[PDB]
Structures are given as C-alpha cells and as structure tokens.
Amino acid sequence: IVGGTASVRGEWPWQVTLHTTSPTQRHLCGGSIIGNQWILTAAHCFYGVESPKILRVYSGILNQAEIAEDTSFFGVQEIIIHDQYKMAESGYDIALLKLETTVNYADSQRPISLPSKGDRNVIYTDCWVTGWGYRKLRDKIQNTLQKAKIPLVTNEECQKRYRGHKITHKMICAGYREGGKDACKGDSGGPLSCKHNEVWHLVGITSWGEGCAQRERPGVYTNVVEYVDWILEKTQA
Ligand SMILES: *[C@](=O)([C]([C][C][C][N]C([N])=[N])[N]C(=O)[C]([N]C(=O)C(=O)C1=[C][C]=[C]C(Cl)=[C]1)[C]([C])[C])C1=N[C]=[C]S1
C-alpha cells in the first residue's frame, strides 16, 4: 500500500495474508474471508504454484512479525481459478481457496459480506484498500498491515487512463487523479472494502495497475459483484 497508514489491530478482520513455503516461507498475496472455509483472492497470485500444499493462510494478523514457525495457520485443500482467467490485465482475476479446516470466527477474524446485484447503483464514498504490499515501487513486504482510503472512479474515466488496455465492466478502479495512494506489489488478492450503511462489502479484489500510485493511473480491481453467481456455483458442494 502506497501512501497509507498502519491499521488498527482487528480493523480488517476479513483480511488474510497468504504465504507460500517455497523455497522458504514468505508473504505471497492478500485475501478475504468470505466463508468459514473460503478465501476470495486474485487468480494471478498462483502463478508457478503447482500445488496448494505449499500454501498457508493466516488470519487475524496485523504484523507479519506475529507469524513464526509455531504460529497456527489454515492449510489449503483446493485452489479454484476462474476458467476464463488468463492474466490480470485481461480480467477474470479471481480465485477461491478452499481451506482444509474451518475458520472459527472471532473479533480478530470474520467474513466480509459480498456485494449485491441491487447495490450496483450505489455510490461508494468510503472505500479502503489494505495489505502488506509495497510502499514504493522498490520496497519490500511491510510488517504492519497498511490501509488507505481511495475514491472509486467510473469505468469511463478509468479507460481514459489506460489506453491500449480494455477496462471491462467486470473490473472497477479506484485512485486519485494526482496519485499518491494506491495498492502495490504484494497487495494483490487483497480486498477493496467499502462501508455503506454501516456495513462493509467486498467491492473489489486488488489486481493490477501501471506502477503504483502514479498520477492518472487508478488501481484496477476485480469487480466482485460481477462474480457473485460464480462464487455461489464454486462454493456449493
Ligand atoms: C500484486 O500485489 C500486484 C498489485 C498491483 C496493484 N497495483 C496498483 N497500481 N494498484 N499485482 C501485480 O504486480 C500484477 N501486475 C501489475 O500490476 C503490472 O504492473 C501490470 C500488469 C498489466 C498491465 C500494466 Cl499497465 C501493469 C501481477 C499480474 C504480477 C502482486 N501480484 C503478484 C506479486 S505482487
């Protein structure tokens, strides 16, 4: 996260940090708890991942420092990548992680409600992007979960900032015309939370962007509401 600040512990209870143990353990991507055994994240986060056996999901984390060898984690039983996904910039950057065990909700870890189809006409004026991603285009995984408030931008406006690219209705953008605040390397898979009527909704999934926080370069996110049917279909046994 560029231009953000340290989060308060438990402030984003749905946020998880997905680690890979290969070659040695490190943070890979962000993700969101949406069900007792389901994490929603970006599909482009499993590039090179041949098995879910090397994945570890940590919930209720604020500082990466809390993660040690003796720290409990959730194993991944299955990685579900949208069948139309090819690459982030082309869209369909969405994936489900079916945990090996169930998450016991608590104030430190609880699910975020998915957007509705009747809420596609709602104007989000309180959206936040979070993660342990980069702070600069040349930094490392941040220790403390960062947060940043960023305004959504219309798709027509976003398309203007991404010539040569196709910004579809299955994507959604957020950013300041002047830049300064945005997601960055490592925030991928993270949630783009928006509070409406005292209720948080998973509006987007951090996906891509030209660089980080550059002026006239809004961050691009998977437009979750366009995948509620897919999510239902893939999560039902
Ligand atoms: C993700 O954490 C990052 C998150 C990008 C968010 N960026 C932003 N400005 N809001 N994702 C990536 O690094 C993906 N690639 C790009 O963003 C890349 O710069 C790009 C891709 C297509 C078109 C353009 Cl113009 C720029 C990803 C596809 C690698 C991470 N995901 C993996 C490691 S960090």
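Neighbour counts are summed over all protein chains in view; Cβ atoms, including those assigned to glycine, are modelled from backbone coordinates with ideal geometry. Each reported figure results from applying straightforward, stated rules to the coordinates on display, with no laboratory input.
The figures follow:
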item: Selection from the range 169-187 of residues that are more than 18 Å from residue 215 (Cβ to Cβ) and surrounded by 15 or more Cβ atoms within 10 Å (Cβ to Cβ); result: 170, 171, 172, 185, 186, 187
item: Single match in 124, 92, 85 (criterion: more than 18 Å from residue 33 (Cα to Cα), crowded, with 17+ Cβ neighbours inside 10 Å and away from the ligand (no atom under 13 Å from the Cβ)); result: 124
item: Hey, residue 48 more than 29 Å from residue 4 (Cα to Cα) and either part of a loop (DSSP other than H, G, I, E, B) or within 15 Å of the chain's Cα centre (by Cα) (or both) or not; result: yes
item: Residue count, the range 83-103 (criterion: touching a residue at least 60 places away in the same chain (Cβ under 8 Å), in a loop (DSSP other than H, G, I, E, B) and of a type outside the set (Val, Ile, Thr)); result: 3
item: Enumeration of residues in the range 58-71 that are surrounded by 12 or more Cβ atoms within 10 Å (Cβ to Cβ), more than 16 Å from the ligand (Cβ to nearest atom) and touching a residue at least 24 places away in the same chain (Cβ under 8 Å); result: 58, 59, 60, 61, 62, 63, 67
item: Test: residue in the range 147-162 that is assigned to a loop (DSSP other than H, G, I, E, B) and closer than 30 Å to residue 62 by Cβ; result: yes
item: Residue within the range 172-180 that is out of contact with any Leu (no Cβ under 6 Å at 6 or more places or on another chain), under 30 Å from residue 37 (Cβ atoms) and in contact (Cβ under 8 Å) with a residue 12 or more places away in the chain present; result: yes
item: Any hit, the range 72-81, residues being in a loop (DSSP other than H, G, I, E, B) and in contact (Cβ under 8 Å) with a residue 60 or more places away in the chain; result: no
item: Every residue from the range 17-52 that is more than 10 Å from the ligand (Cβ to nearest atom), free of Cβ contacts under 8 Å to residues at least 60 places away in the same chain and of a type outside the set (A, V, I, L, M); result: 19, 20, 21, 22, 23, 24, 25, 48, 50, 51, 52
item: Residue list for the range 204-217, restricted to those being surrounded by 16 or more Cβ atoms within 10 Å (Cβ to Cβ) and more than 8 Å from the ligand (Cβ to nearest atom); result: 204, 205
